[PDB]
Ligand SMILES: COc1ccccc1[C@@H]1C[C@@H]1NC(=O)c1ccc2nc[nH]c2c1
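Taking the form solved without the ligand, here's one chain by itself in structure tokens.
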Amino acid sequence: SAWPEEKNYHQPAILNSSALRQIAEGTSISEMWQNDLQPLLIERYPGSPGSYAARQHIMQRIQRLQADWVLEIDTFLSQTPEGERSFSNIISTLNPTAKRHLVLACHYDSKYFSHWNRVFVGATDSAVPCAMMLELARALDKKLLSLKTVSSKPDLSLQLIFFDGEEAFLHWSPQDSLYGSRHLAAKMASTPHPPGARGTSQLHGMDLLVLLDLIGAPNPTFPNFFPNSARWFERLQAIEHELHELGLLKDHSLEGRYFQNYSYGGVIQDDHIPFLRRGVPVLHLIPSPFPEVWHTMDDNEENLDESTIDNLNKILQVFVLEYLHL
């Protein structure tokens, strides 16, 4: 059937002024900060105590929500420059049997550095993306709970992926990066979806991969990377502009906007690559340039910008609701 092409024709159900006002009010940055972010600001490379703790924190936070989230741990072993290691992607899915999902993702591992005095906690990279996904889940819980109800809607729902092993152990290389994402995209490619089908895989079921990385620095600028997601990127610009106009964003100017008209010269390697090379459409919400503090001990909580993240939470939540027609 043509169901795998439905994503090509899929349209947002755009929210009005009062609904935008409701979403903006519904998200709490101080809450996210204390309850979702802070517990992740720890060293969490693969096999570390913090890796276990982060995965426990992600799972608990999702589990407390009303929405019908089904959690799985995609755990596997790989060789690495330090010897064999275990990796565990966290996948959180509403309506696992719906043929189509909008997929949001980031990586929850932090890059290994030897202590300076100091410890690398990857605040923007990617503790904040993780927290943004968890705040989204929380803020949107009641609207997401309606997806439990079956009927007059497309066969479409939401998935969250928190990848393990995004970072290289030593120098970045095709074999020493993307442990989690290379593994999972190969698993999904080889798995029938829906169950019992012929031809189609779980990759066909991915409407759009929205990959958050390196979020939390002030005045980020996001290029529109890919023509095949450019219409969805333009929605983020429209949502940004409108929230701005309605007075719903803080410390935000039009001249200082996040989402840009221009594209990007090179090719950024990230968790989306194994999906993108197999034809999954990608909306890659990583800034250019990268934050100043990138891969530095100063990628920490103090160098994060609260209003930026708050504003980005509002824009992402609106986008997700519009996509899902909620």
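Sequential numbering from 1, following the sequence displayed.
If you look for the form solved in complex with the ligand, you will not find it shown, but the lines that follow are about it.
Judged by the 2.4 Å clash test against backbone and C-beta atoms, the pocket of this chain is open once the ligand is superposed from its pose in the deposited complex, as not a single ligand atom violates the cut-off. Exactly one listed residue, out of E240, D213, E135, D207, brings a non-hydrogen atom to within 4.5 Å of the ligand in the deposited complex: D213. Just one of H252, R85, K111, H183 comes within 4.5 Å of the ligand in the deposited complex, counting any heavy atom, and that one is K111.
In the deposited complex, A168 approaches the ligand with a heavy atom inside 4.5 Å. Mapping the unseen interface onto this chain, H295 counts among the residues with a heavy atom inside 4.5 Å of the ligand in the deposited complex. The ligand in the deposited complex is not approached by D36, whose heavy atoms all lie more than 4.5 angstroms from it. Taking non-hydrogen atoms only, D125 approaches the ligand to within 4.5 angstroms in the deposited complex. None of 44-52, 61-69, 262-270, 27-35 except one has non-hydrogen atoms within 4.5 angstroms of the ligand in the deposited complex; the exception is 262-270.
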